[PDB]
Structure formats: structure tokens, C-alpha cells
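So the structure is just underneath, and the comments pick up after that.
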There are 2 protein chains.
Amino acid sequence: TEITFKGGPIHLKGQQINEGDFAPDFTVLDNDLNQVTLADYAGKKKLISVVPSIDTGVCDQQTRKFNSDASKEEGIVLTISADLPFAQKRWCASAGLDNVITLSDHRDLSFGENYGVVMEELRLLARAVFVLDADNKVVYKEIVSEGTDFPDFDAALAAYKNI
Amino acid sequence: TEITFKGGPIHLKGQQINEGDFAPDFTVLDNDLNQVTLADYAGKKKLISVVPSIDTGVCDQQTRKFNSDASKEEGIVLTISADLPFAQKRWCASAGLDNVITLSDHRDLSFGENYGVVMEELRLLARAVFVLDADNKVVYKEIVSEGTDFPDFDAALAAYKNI
């Protein structure tokens with residue numbers, strides 16, 4: 001439940017989700033402010049990429065890398081953050097991509113509290129990756145020890161590709 | 001106490017501030033996550049422009065117009081929203097408006113709760129304008145009754161001009 005951000009200590013708030021666990025449901029907002037839950041993606045595997053903010057460089061590169069390198073005819077790549085939906089929509093437009101799913105946890109921190117990734121001091125989500133199988137079993141998890149560092153892309157992408 | 005946003009009912013949470021009240025303190029974040037409070041603007045008159053999100057068209061236009069039409073000789077124009085600081089930063093840069101003061105209430109809703117402009121159902125700040133004299137007495141207030149409409153720019157600007 002303890003990480004660092006920019007070198008300073010950060011306490012993670014919420015339920016601890018571990019590999020082998022059943023992944024919890026949640027409620028977030030799409031870019032048009034429709035509510036979205038795990039049920040929208042039933043029957044597919046999911047790479048859930050969690051970032052502090054898509055308007056920062058590391059998070060931007062993480063979102064692009066996972067969306068470029070992971071296949072999407074086999075499953076879903078979700079980006080979840082505390083950015084407002086309006087920032088996420090603008091982000092997709094400015095990147096010139098129309099194939100990228102961004103979801104906002106800003107209103108309730110439903111996702112962050114259910115997955116244990118709320119940086120309590122900042123009201124931002126901790127940099128993390130969760131890989132869910134098509135049965136929403138958590139097959140792979142990383143919470144990045146220092147939030148300004150990149151995640152292990154290759155480990156997460158491999159877990160996702162291999163189901 | 002109650003407004004509409006897109007015609008839907010919205011309840012305003014927080015302390016009611018009226019003309020002739022003095023301005024409550026607040027704690028918000030500048031674009032580099034440093035804390036800013038009322039004391040940071042001691043000695044100046046203020047036009048405080050509150051928007052739901054600088055990444056929507058109406059809020060964009062409101063921010064541009066208040067900043068271009070108000071004199072910054074003796075006073076300052078503050079934009080406050082629940083946008084993340086990183087969206088505010090990026091917005092100012094993208095617009096060639098790096099000089100514009102944007103402040104984020106996202107973490108604590110300190111400003112929103114102390115000024116009575118939290119749209120409870122959305123966790124966004126309601127479209128609003130407060131004009132403060134150099135003594136921080138509230139000389140002019142508008143909370144826009146339907147939040148997708150523009151504020152009354154002329155009345156706020158006239159109030160600010162004549163302090």
C-alpha cells in the first residue's frame with residue numbers, strides 16, 4: 001500500500017487486488033459522459049493501463065505504447081485515469097488516434113478504490129497495469145514503485161498476448 | 001441552491017456567498033502542483049471566472065474573453081475549475097495563452113465548497129463569476145442558472161472596471 005511519486009512517499013487507498021483474484025467491477029465515464037463498467041467488455045481479455053494523467057509525458061507515452069503494441073482483435077486495451085472526460089477526449093483528438101479507449105474515474109474514484117490505486121495525497125490514480133482474462137481473472141499486476149517511472153511494458157504485453 | 005446543466009437538475013453544494021460578503025479563503029493548485037491561496041493575490045482586485053472544464057467550448061471562450069477584456073493594471077483574472085492542473089497547463093500552452101492564470105480545485109474542492117459552486121452530481125464547478133475588490137469584498141456575483149449558457153460578461157466586466 002506504499003509507493004513513491006517524484007521521490008516522496010504516497011499511501012495507496014482502496015482494496016488490494018492480487019494476481020489470481022476475481023477482478024472487481026467499477027463505474028467510470030467515457031468521453032461522452034456515458035457510464036461504463038466491466039460489463040461493456042464482457043467476453044474479452046483486457047489490458048487495463050492506469051495513469052496519473054494523460055496530459056503528462058510518461059502517461060502519454062504509456063497510453064500510446066500499450067495501444068500500439070497490444071492487439072485489439074483479441075481483446076480490449078483500456079486507459080483509466082482521474083483526468084476529466086473532456087481532457088481524455090481532447091487527448092485522443094490531439095494524438096490523431098480514433099481507436100483508443102480512455103475512461104475517467106474522476107467523479108467517484110470507483111475504479112481506483114476498487115483496485116487499490118488511489119494516491120490519497122494527490123487524488124490521482126497510481127501508475128499501474130492490470131491484465132484480466134476473458135473471465136475477469138487478474139492474471140498480471142504491476143503497481144509501479146516510483147510513479148514517474150515507466151511500467152514493465154514487455155511483461156504486461158506478454159501476459160496479455162498469452163491470455 | 002439549484003441550477004440546471006444541459007437542462008438536467010443540479011444541486012450546488014457549499015457555502016452560499018452573496019454580494020457584500022467578504023471572500024472566503026481557498027486552497028487550490030497551480031499548474032505545477034504548488035498550493036495557491038487568497039493571500040497570493042493580496043492587494044489586488046480580482047475577477048474570478050469559474051468554469052466546468054476549460055476543455056469544453058463554452059469554458060474556453062469564457063476564459064479567453066475575460067482575459068482579453070479585463071484590465072490587468074490593478075487586478076487579476078483567475079480561472080478556477082476542477083480540470084486537472086495538467087489539463088490547465090496544456091490548455092494555456094496550446095492556445096498561446098501562457099500568461100493566463102489557471103488554478104485547479106480538483107483535489108479538495110476547497111474553492112468550490114467555500115464559494116458554493118460545486119455541482120454535486122457531476123463533481124465539476126458550476127459556471128460562475130465573482131468580482132472582489134482589493135479588500136476582498138464581493139462586489140458582484142453571478143452563478144449561471146443554466147450552466148451551458150455564457151455568463152453575463154458585460155455586467156461582470158463593468159463591475160470589475162469600476163472598483
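So you can find residues: chains in the C-alpha cells are A, B, ... in the order shown, residues in each start at 1, and ligands are numbered from 1 in order.
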
For chain A, which residues have at least one atom within 7 Å of chain B, if we go by only C-alpha atoms? Write them as a short mmCIF file (atom, residue, chain, number, x, y, z; two decimals) with C-alpha atoms, in the first residue's frame, please.
data_model
loop_
_atom_site.label_atom_id
_atom_site.label_comp_id
_atom_site.auth_asym_id
_atom_site.auth_seq_id
_atom_site.Cartn_x
_atom_site.Cartn_y
_atom_site.Cartn_z
CA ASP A 55 -1.63 15.18 -20.07
CA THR A 56 1.83 14.26 -18.72
CA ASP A 83 -8.37 13.17 -15.95
CA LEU A 84 -11.75 14.70 -16.69
CA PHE A 86 -13.07 16.38 -21.55
CA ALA A 87 -9.26 16.10 -21.25
CA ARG A 107 -16.18 11.59 -10.17
CA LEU A 122 -2.82 13.65 -4.82
CA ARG A 123 -6.32 12.39 -5.74
#

For this session: Find the residues around segment 26-31 of chain B up to 6 Å (only C-alpha atoms counted), leave out those fewer than 2 positions away in its own chain, and share them as a ChimeraX atom specification.
Result: /B:33-37,85,89,103-105,110-111

For this session: For each of A:119, A:157, A:109, A:42, take the minimum atom-to-atom distance to residue 4 of chain A, counting only C-alpha atoms, then give the residue where this is smallest.
Result: A:119

Problem set entry | atom CA of residue 14 of chain A to atom CA of residue 50 of chain A, distance in Å rounded to a single decimal | 14.6 Å

Problem set entry | Which residue of B:115, B:66, B:150, B:41 approaches residue 1 of chain B most closely, using only C-alpha atoms |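 Of B:115, B:66, B:150, B:41, the one nearest residue 1 of chain B is B:115, counting only C-alpha atoms.
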
For this session: Would you mind listing what lies within 12 Å of residue 74 of chain B as an MDAnalysis selection string, with only C-alpha atoms counted and same-chain residues fewer than 2 positions away left out?
Result: chainID B and resid 41:47 70:72 76:77 133:134 160:163

Store the residues picked out above in a file with N, CA and C atoms, as a JSON list (two decimals), in the first residue's frame.
[["chain", "number", "residue", "atom", "x", "y", "z"],
["B", 41, "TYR", "N", -2.77, 36.75, -3.73],
["B", 41, "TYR", "CA", -3.22, 37.87, -4.54],
["B", 41, "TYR", "C", -3.55, 39.09, -3.69],
["B", 42, "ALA", "N", -2.88, 39.21, -2.55],
["B", 42, "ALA", "CA", -3.15, 40.32, -1.66],
["B", 42, "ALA", "C", -2.91, 41.66, -2.34],
["B", 43, "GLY", "N", -3.81, 42.60, -2.13],
["B", 43, "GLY", "CA", -3.64, 43.96, -2.60],
["B", 43, "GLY", "C", -4.30, 44.27, -3.93],
["B", 44, "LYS", "N", -4.77, 43.26, -4.66],
["B", 44, "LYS", "CA", -5.35, 43.45, -5.98],
["B", 44, "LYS", "C", -6.85, 43.18, -5.98],
["B", 45, "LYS", "N", -7.57, 43.81, -6.90],
["B", 45, "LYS", "CA", -8.93, 43.39, -7.20],
["B", 45, "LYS", "C", -8.89, 42.12, -8.04],
["B", 46, "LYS", "N", -9.96, 41.32, -7.97],
["B", 46, "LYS", "CA", -9.99, 40.03, -8.65],
["B", 46, "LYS", "C", -11.27, 39.87, -9.47],
["B", 47, "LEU", "N", -11.12, 39.31, -10.69],
["B", 47, "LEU", "CA", -12.24, 38.70, -11.40],
["B", 47, "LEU", "C", -12.02, 37.18, -11.38],
["B", 70, "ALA", "N", -10.54, 42.26, -19.65],
["B", 70, "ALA", "CA", -10.31, 42.83, -18.34],
["B", 70, "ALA", "C", -8.91, 43.44, -18.28],
["B", 71, "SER", "N", -8.83, 44.62, -17.68],
["B", 71, "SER", "CA", -7.54, 45.27, -17.47],
["B", 71, "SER", "C", -6.77, 44.58, -16.33],
["B", 72, "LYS", "N", -5.51, 44.24, -16.61],
["B", 72, "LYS", "CA", -4.61, 43.62, -15.64],
["B", 72, "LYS", "C", -3.66, 44.65, -15.03],
["B", 76, "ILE", "N", -6.41, 41.13, -11.17],
["B", 76, "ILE", "CA", -6.03, 39.90, -11.85],
["B", 76, "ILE", "C", -7.28, 39.13, -12.20],
["B", 77, "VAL", "N", -7.15, 38.31, -13.24],
["B", 77, "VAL", "CA", -8.23, 37.46, -13.69],
["B", 77, "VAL", "C", -7.84, 36.01, -13.37],
["B", 133, "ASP", "N", -13.16, 43.27, -4.66],
["B", 133, "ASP", "CA", -12.33, 44.47, -4.62],
["B", 133, "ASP", "C", -10.99, 44.12, -3.94],
["B", 134, "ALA", "N", -10.15, 45.14, -3.70],
["B", 134, "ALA", "CA", -8.82, 44.89, -3.15],
["B", 134, "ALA", "C", -8.88, 44.52, -1.68],
["B", 160, "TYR", "N", -15.99, 44.96, -12.40],
["B", 160, "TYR", "CA", -14.55, 44.92, -12.19],
["B", 160, "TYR", "C", -13.89, 46.24, -12.53],
["B", 161, "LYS", "N", -14.36, 46.88, -13.61],
["B", 161, "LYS", "CA", -13.77, 48.10, -14.13],
["B", 161, "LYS", "C", -13.92, 49.24, -13.14],
["B", 162, "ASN", "N", -15.02, 49.27, -12.40],
["B", 162, "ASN", "CA", -15.42, 50.40, -11.61],
["B", 162, "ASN", "C", -15.04, 50.30, -10.14],
["B", 163, "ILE", "N", -14.29, 49.27, -9.77],
["B", 163, "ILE", "CA", -13.90, 49.02, -8.37],
["B", 163, "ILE", "C", -13.16, 50.26, -7.87]]

For this session: Just list the residues in segment 4-71 of chain A DSSP gives helix (DSSP H, G or I) on the backbone, as a PyMOL selection string.
Result: chain A and resi 38-41+57-69

For this session: Could you pull out the residues in segment 5-157 of chain A that DSSP calls strand (DSSP E or B) from the backbone, as an NGL selection string?
Result: :A and (5 or 8-13 or 22 or 28-29 or 35-36 or 45-50 or 75-81 or 101-104 or 118-119 or 124-125 or 128-132 or 137-143 or 146)

Problem set entry | All residues 10 Å or closer to residue 153 of chain B, only C-alpha atoms, same chain fewer than 3 positions away omitted, as a list in words | residues 62, 65, 66, 69, 129, 142, 150, 156, 157 and 158 of chain B

Residues just named, written with N, CA and C atoms as a short mmCIF file (atom, residue, chain, number, x, y, z; two decimals), in the first residue's frame:
data_model
loop_
_atom_site.label_atom_id
_atom_site.label_comp_id
_atom_site.auth_asym_id
_atom_site.auth_seq_id
_atom_site.Cartn_x
_atom_site.Cartn_y
_atom_site.Cartn_z
N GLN B 62 -15.18 31.60 -22.56
CA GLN B 62 -15.27 32.41 -21.35
C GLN B 62 -13.90 32.82 -20.83
N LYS B 65 -12.25 35.38 -23.19
CA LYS B 65 -12.86 36.70 -23.25
C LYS B 65 -12.58 37.48 -21.97
N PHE B 66 -12.72 36.83 -20.81
CA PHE B 66 -12.44 37.56 -19.57
C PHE B 66 -10.98 38.00 -19.55
N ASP B 69 -10.53 41.04 -22.17
CA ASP B 69 -11.28 42.28 -21.99
C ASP B 69 -11.01 42.97 -20.66
N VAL B 129 -19.12 33.67 -11.87
CA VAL B 129 -18.20 34.79 -11.82
C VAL B 129 -18.35 35.49 -10.47
N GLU B 142 -22.35 36.22 -10.17
CA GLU B 142 -23.35 35.50 -10.96
C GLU B 142 -23.01 34.02 -10.93
N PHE B 150 -23.51 31.14 -21.57
CA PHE B 150 -22.43 32.03 -21.20
C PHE B 150 -22.81 32.86 -19.97
N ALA B 156 -20.21 41.65 -15.43
CA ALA B 156 -19.04 41.35 -14.60
C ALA B 156 -17.90 42.31 -14.91
N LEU B 157 -17.63 42.53 -16.21
CA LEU B 157 -16.56 43.44 -16.60
C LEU B 157 -16.82 44.85 -16.10
N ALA B 158 -18.07 45.33 -16.19
CA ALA B 158 -18.37 46.65 -15.67
C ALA B 158 -18.13 46.72 -14.17
#

Exercise. Please, what distance in Å, to one decimal, runs between atom CA of residue 127 of chain A and atom CA of residue 151 of chain A?
Worked result: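 Going from atom CA of residue 127 of chain A over to atom CA of residue 151 of chain A, I get 7.6 Å.
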
For this session: Just give me the gap between atom CA of residue 97 of chain A and atom CA of residue 60 of chain A in Å, one decimal is fine.
Result: 12.5 Å

For this session: Have a look at A:146, A:73, A:154, A:98 and name the one nearest to residue 6 of chain A; count only C-alpha atoms.
Result: A:146
